[PDB]
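[1] A structural model of the following input is requested.
(2 chains)
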Amino acid sequence: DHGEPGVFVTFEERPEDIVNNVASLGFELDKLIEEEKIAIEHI
Amino acid sequence: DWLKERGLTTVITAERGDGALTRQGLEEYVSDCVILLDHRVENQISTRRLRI
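    Numbers count the residues shown, from 1 in each chain, chains lettered A, B, ... in the order given. Next comes the structure:
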């Protein structure tokens, strides 16, 4: 909505876990992930 | 992660002890769905209660 891209750093769960978590909210994260409108890093 | 990779649904049992939600206190942050079971005595009668 506000046109400010974002980065996510997860130190516990794998990125697909977050993706599936927000799947139900209609947020549809994978779309942004691969559109490069948002980023993820797993450590 | 080995179980997850092999496509396995895992369930684990842990104890509380003196307090907290887990014995070590941090296994709750190394799982995906935490359920707490209680057998509390109110007055003198015990009512078993489960929470997600």
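
[2] quick one: contacts for the residue lying closest to residue A:14 once chain neighbours are set aside?
    Take residue A:14 and drop its neighbours on the chain: the residue closest to it by Cβ to Cβ, 6 or more residues apart in numbering or on different chains is residue A:42, 5.8 Å away. C-beta: built from backbone N, CA, C; applies to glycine. Residue A:42 sits next to A:10, A:13-15 when contact means Cβ atoms under 8 Å, 6 or more residues apart in numbering or on different chains.

[3] need these in CSV with distance to residue A:32, can you?
    Formatted as CSV, those follow (distance: Cβ to Cβ, whole Å):
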residue, distance to residue A:32
A:10, 15
A:13, 18
A:14, 17
A:15, 12
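
[4] how long is stretch B:13-29 from one end to the other?
    Distance between the two ends of stretch B:13-29: 14 Å, counting by Cα to Cα, to the nearest Å.

[5] Briefly note if it comes near chain A.
    Yes - judged by Cβ under 8 Å from any Cβ of the partner chain, stretch B:13-29 comes into contact with chain A at residue B:29.

[6] and the gap between residue A:43 and residue A:34?
    20 Å (Cβ to Cβ, to the nearest Å).

[7] cool, residue A:23 as well?
    15 Å.

[8] Likewise for residue B:46?
    Using Cβ to Cβ, residue B:46 is found at 53 Å from residue A:34.

[9] now residue A:9
    Separation of residue A:9 from residue A:34 (Cβ to Cβ): 18 Å.

[10] Surely residue B:49 is within a strand?
    Yes - per DSSP: H, G, I helix; E, B strand; the rest coil, residue B:49 lies within a strand segment.

[11] For it, list the residues it contacts.
    Contacts of residue B:49 (Cβ under 8 Å, 6+ apart): B:37-40.
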